[PDB]
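Report on the structure given below.
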Amino acid sequence: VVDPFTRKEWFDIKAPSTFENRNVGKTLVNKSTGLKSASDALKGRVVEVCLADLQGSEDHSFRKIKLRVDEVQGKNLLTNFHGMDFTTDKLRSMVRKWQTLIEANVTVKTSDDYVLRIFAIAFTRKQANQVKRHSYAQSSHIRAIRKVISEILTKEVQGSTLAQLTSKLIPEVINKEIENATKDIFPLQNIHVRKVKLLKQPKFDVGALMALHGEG
Amino acid sequence: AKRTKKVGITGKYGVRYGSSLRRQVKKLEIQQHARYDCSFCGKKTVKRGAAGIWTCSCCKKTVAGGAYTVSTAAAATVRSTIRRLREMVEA
Amino acid sequence: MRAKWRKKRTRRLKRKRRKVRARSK
Amino acid sequence: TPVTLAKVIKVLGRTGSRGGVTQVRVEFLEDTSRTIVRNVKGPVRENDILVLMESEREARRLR
Amino acid sequence: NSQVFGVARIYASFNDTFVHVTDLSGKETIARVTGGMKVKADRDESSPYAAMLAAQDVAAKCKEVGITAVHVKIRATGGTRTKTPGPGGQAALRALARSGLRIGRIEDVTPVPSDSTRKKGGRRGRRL
Amino acid sequence: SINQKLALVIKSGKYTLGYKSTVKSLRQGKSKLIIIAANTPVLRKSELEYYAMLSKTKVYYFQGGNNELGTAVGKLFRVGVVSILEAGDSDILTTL
Amino acid sequence: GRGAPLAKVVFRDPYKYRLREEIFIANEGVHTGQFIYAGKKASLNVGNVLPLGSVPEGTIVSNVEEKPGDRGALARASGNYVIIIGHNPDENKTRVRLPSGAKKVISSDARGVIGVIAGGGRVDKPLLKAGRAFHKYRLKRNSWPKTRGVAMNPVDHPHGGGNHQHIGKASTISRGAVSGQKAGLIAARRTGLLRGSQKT
Amino acid sequence: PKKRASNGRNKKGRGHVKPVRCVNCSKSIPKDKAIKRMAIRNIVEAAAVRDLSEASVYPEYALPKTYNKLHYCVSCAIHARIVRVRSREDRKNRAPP
RNA sequence: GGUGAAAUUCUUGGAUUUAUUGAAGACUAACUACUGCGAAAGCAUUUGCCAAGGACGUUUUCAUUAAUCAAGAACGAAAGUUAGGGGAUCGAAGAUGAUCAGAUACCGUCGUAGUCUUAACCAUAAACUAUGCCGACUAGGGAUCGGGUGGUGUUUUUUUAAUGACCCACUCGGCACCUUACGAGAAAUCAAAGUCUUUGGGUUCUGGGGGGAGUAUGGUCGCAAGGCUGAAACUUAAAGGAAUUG
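Chains as they are written, first to last, in PDB author numbering: chain SQ, 20 to 235; chain Lr, 2 to 92; chain Lp, 1 to 25; chain SL, 5 to 67; chain SZ, 10 to 137; chain Le, 9 to 104; chain LD, 53 to 252; chain Se, 2 to 98.
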């Protein structure tokens, strides 16, 4: 008897311009009223997006990005980075029977005071003539791999910010240097960064939000 | 020699009172009348003064705390959760 | 005749039996 | 209700508890790419014409 | 590309199905009906036919408001429960395809622990 | 670690134990390393920090109490501060 | 009369060159000769006096004020403490949980010491003795011994009388009874031995 | 009579392994025992793949698979036909088909 | 919701779902095996400390310092029990709703003690590999973990080098396995349950038909529940063990 789809508006969200598809989609609020604003009901939304749709490719579809609504500008609103996971089909589809699973996480606050807790998954693999059936790892080796992965993640994040982090996590260059950095201990297929998370935001940083946005 | 088998410091409570309550007061009298390790001076030199008051008698210090020991389980959880949340404030 | 309720009826046997001997003694 | 015509592709075999319901795959008589498994009551030969009250049930083995 | 996206969460369970539509955000839901609110038999609440009718009416409200292409998230009860989708989600997603809407980006989401709390039934089980 | 190489110091080189002898050696310039147990009062802690800033010696906060430092020097009592004159064999003076 | 001991704390008066003194119901861990920081912009230690807006969600604070400025009313007895529950930033109120399990919504500018009050664990030791309870009460107030109303006379209390010691009318006294009738179980929701839920 | 030389299933030289809950009835059965099957499904069934590929944007993208590793107990497995009881000799026939 | 189908209950004071954020506790799945480690009970997140430990290598060391164990001691799953601190999920007792000829039972919704932990008892299990422990010999095989050795072997790349991984062959130790029986067995079955009337390598416990009965009572331990020690009266011709046919 009220029918609120005569009330819900249409807002077009915009992504940081690290991603080639700046446009994503349109969310909806109820009416901008006195004492209760549509901007106020918009202040805290989190959007999950398939990184295939953002990058315009198809092979990159195994990832997902969490954007955070923080500012709105006149039927237009800007999003900020909040977290990254893989998708569950890919995480399970990697995890095989008969190989150890090297897995590590580290907490680090960046140059700007975003702290991030950042994860890295790598497996074991065969080597092209291995007649042994399974190929596990000694756990002292998995200790060495966690050490190297902790070093390389804290080095390739701590001296940067959200923008350079995004530019590193899109084309898979970190795990490229990881694979290249530990050919010399154990084989390790499927080296990946599976989960990054924002924990503590700095002060509101909306100038760097325009440094994401604002070109177009 | 051996004074008593199982009553300890509660020969001052005699044949009275019921053995159960003499158990609880045996344990808690051991606690509130035993010395403790002063972390401020590294000496086993503490005693109790009142509920809460724990004094170190060599380095002449005082510290508030549990009515029968230097610290309780509740205060252990309190110091850890304050340390956690203060760290994430720092972060 | 059967042994686990030899057992629980045995412990109740000993409970009733010990109480009544503690009455008389 | 837009009733659905169909045409028998091949039978599979009489199932159900008492045995008296066959399963046949049929093509919708206008969409040769779409055939579908379907429970039928009586006796079904090949290549004949079925009628359906719906097209999107495709019920399963019965016991 | 004049098609706008939404999210269809399909919660399949062995008592009921849920077909739920939100925006690209997570608050401000669009429209949800269930087979359990569709038919009245209390055991057909998780029927595939029930999820088919629920998907049809969610599609009706969805095309009436104008949402066209939808990211699908499908899941079970999960946790220490069943882990696995019942007879709902399959027929629901087929009916959502046969509706006339647009479906993309299906990935399973279902909540699953790193070894949660005890399951219910108590060590010897739901021995019936 | 630090315990092994401190045991190596007491084996080979030379030392002094105690606060008064430590500050006496530090005025006299015979010492190079000052090791402070972390349960020293902050006044005496920062006092020996000031004397180390005067004397250009190295200083290191032994992570524990003076009981742990007494175990680390092989004595059955507490040492608030232990001053390494020369290690003899340990590379502690080179590292850290 | 308390068990929870106190800290005579020496502050500096910012407006006149003197030493104004204050008495705190201490927490655990606080000690002689401790620098103690009070107010909003301070950092969250054990011993400091943050307000509830500037604590985060979920912090153990004791001697929590109830309304802004009234110098401490909640959670002050020997071993108590108030968990912060969860906020509402506009219309600035903070929800706390109170040592009776209570969920209260108090002023965000209410202060409080951080920690749990010293002298915890007091009531785990049996009194054992009329003598012990005698000195506990003769340093509080004259409410010990208590003679039972059923072992007085009928004139002295509504349970007295009889050739036995029994009461007769039901002993759950309502709230809309008058004075002189309220001596018993007062306006009871339920009686009897609680083999049941916390019901909150 | 000792029916199995493997007693159930394969400890052979531990002691205690952790127990695990049957999917159908939540019996806490130890993990060494307790029929394991790894079942994967496509999220859609075999008859709807052409339907969804006909009614999809983003042409020829992927089609992912639900994975699940269903644990089962003896009672639930034999009751629900994952396992059949086998002859005295083919008990040693350790081969899956 | 929940079920075999239902009802108990929760819901326009918005229940279930959605989203955001936080707290609280236990847990440590996917890796997960006919793999490891530990005296066993047992132990699966990272990282650090703390001390241990098996095996391997050894042209080191001492030179019988041993094997097995009555009394004796340590540890000892879980349930218990004594007070705390927690106490989320599951949850004996209890509540109901079902199912029933009845259901104080399985099924449903909750719910205390518990679950968790600190300090202290307890000392038991199908603690089961139902196979004492140390030794020597007796038969074929392929995978496996840990260490070693060799290879005109492979690979990583920056270039061969340094490994590290992989491959081939051996060796010690390890959890197992697959075939045959020379053998053993009452037999299922067994590389030890073999090397036994053709009877003896060192040694510790245990059983002597079934019930009675782990009861009696004496003793000791335990807060208690109960532990370890432990018969008799009388009764009965069986109790049984692998295997065949129905």
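Backbone N, C-alpha and C fix where the C-beta goes; we use that ideal spot for every residue, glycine too.
- Annotation for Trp5 (chain Lp): the continuous alpha helix (DSSP H) segment containing it runs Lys4 to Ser24.
- For the pair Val67 (chain Le) and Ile44 (chain Le), the CB atoms are nearer than the 8 Å cut-off.
- For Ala92 (chain Lr), the residues of chain SQ that pass the 9 Å Cβ criterion are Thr126, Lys128, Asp132, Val134, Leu218 and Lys219, in the order they occur in the chain.
- For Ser159 (chain SQ), the closest alpha carbon among the candidates SQ:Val167, SQ:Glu67 and SQ:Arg152 is that of SQ:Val167.
- Within chain Se, the residues whose beta carbon sits less than 8 Å from that of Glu62 (chain SL) are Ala48, listed in sequence order.
- Using a CB distance below 8 Å, the part of the stretch 36 to 48 of chain SQ facing chain SZ consists of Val43, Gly44, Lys45, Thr46, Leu47 and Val48, ordered along the chain.
- With respect to the C-alpha of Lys12 (chain Se), the residue from Se:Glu90, Se:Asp33, Se:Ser29 and Se:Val58 having the closest C-alpha is Se:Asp33.
- Ranked by Cα distance from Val127 (chain SQ), the options SQ:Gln220, SQ:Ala230, SQ:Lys33 and SQ:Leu228 are led by SQ:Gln220.
- Contact of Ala35 (chain Se) with chain SQ is not assigned, every C-beta pair being separated by 8 Å or more.
- Of the other Cβ atoms in all chains shown, 16 or more fall within 10 Å of the Cβ of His80 (chain SZ); this residue is therefore buried.
- Listed in chain order, the non-local C-beta contacts of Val113 (chain LD) below 6 Å within the same chain comprise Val134, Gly164 and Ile166, local neighbours out to five positions each way being set aside.
- Listed in chain order, the positions of the stretch 61 to 84 of chain Lr with a beta carbon within less than 7 Å of a beta carbon of chain LD are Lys62, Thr63, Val64, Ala65, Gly66, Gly67, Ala68, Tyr69, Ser72, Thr73, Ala75, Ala76, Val79, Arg80, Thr82 and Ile83.
- In the structure shown, the three-state DSSP call for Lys50 (chain SQ) is coil.
- The closest CA to that of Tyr58 (chain SZ), considering only SL:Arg61, SL:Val41, SL:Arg38 and SL:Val25, is found on SL:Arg61.
- Here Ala101 (chain SZ) is not near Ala50 (chain SZ), since their CB atoms are 8 Å or more apart.
- At the C-beta level, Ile42 (chain Le) and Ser9 (chain Le) stay beyond 8 Å of one another.
- Of all C-beta pairs linking the stretch 96 to 114 of chain LD to the stretch 68 to 86 of chain Lr, three or more are shorter than 8 Å, placing the two stretches in contact.
- When secondary structure is reduced to three states using DSSP, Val45 (chain Se) falls in the coil class, being assigned neither helix nor strand.
- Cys26 (chain Se) sits in coil when the DSSP states are folded into three classes, being neither helix nor strand.
- Annotated as proximal: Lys214 (chain SQ) and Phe138 (chain SQ), with beta-carbon spacing under 8 Å.
- When Cβ-Cβ separations below 8 Å define contact, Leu110 (chain SZ) makes no contact with chain SQ.
- Taking 8 Å as the threshold, the shortest C-beta distance from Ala6 (chain Se) to chain SQ does not fall below it.
- Listed in chain order, the non-local C-beta contacts of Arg38 (chain Se) below 6 Å within the same chain comprise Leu71, local neighbours out to five positions each way being set aside.
- Contact between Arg127 (chain SZ) and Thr93 (chain SZ) fails: their C-beta atoms lie close to 19 Å from each other, not under 8 Å.
- For the pair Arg41 (chain SQ) and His232 (chain SQ), the Cα-to-Cα distance works out to about 9 Å.
- Under the 8 Å criterion on CB atoms, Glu54 (chain SZ) is classed as non-interfacial with respect to chain Se.
- For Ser130 (chain LD), the number of other beta carbons within 10 angstroms of its own is at least 16, and it is reported as buried.
- In this structure, the beta-carbon distance from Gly201 (chain LD) to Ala154 (chain LD) does not fall below 8 Å.
- Closest by C-alpha distance to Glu30 (chain Lr), out of Lr:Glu91, Lr:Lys48 and Lr:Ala2, is Lr:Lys48.
- With distances taken between CA atoms, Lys27 (chain SQ) lies nearest to SQ:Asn49 out of SQ:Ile161, SQ:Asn49 and SQ:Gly178.
- About 5 Å separates the Cβ atoms of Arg174 (chain LD) and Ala52 (chain Lr), confirming a contact at the 8 Å cut-off.
- For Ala78 (chain LD), the closest C-alpha among the options LD:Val116, LD:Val107 and LD:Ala222 is that of LD:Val116.
- Residue state for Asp72 (chain SQ) is assigned as helix, using DSSP reduced to three classes.
- Look at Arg51 (chain Se): its C-beta is under 8 Å from a C-beta on chain SL.
- Nearest Cα to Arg107 (chain SZ) within the set Se:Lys93, Se:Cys77, Se:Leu53 and Se:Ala48: Se:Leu53.
- For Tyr18 (chain Lr), the C-beta contacts it makes with chain LD under 7 Å involve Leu180, in order along the chain.
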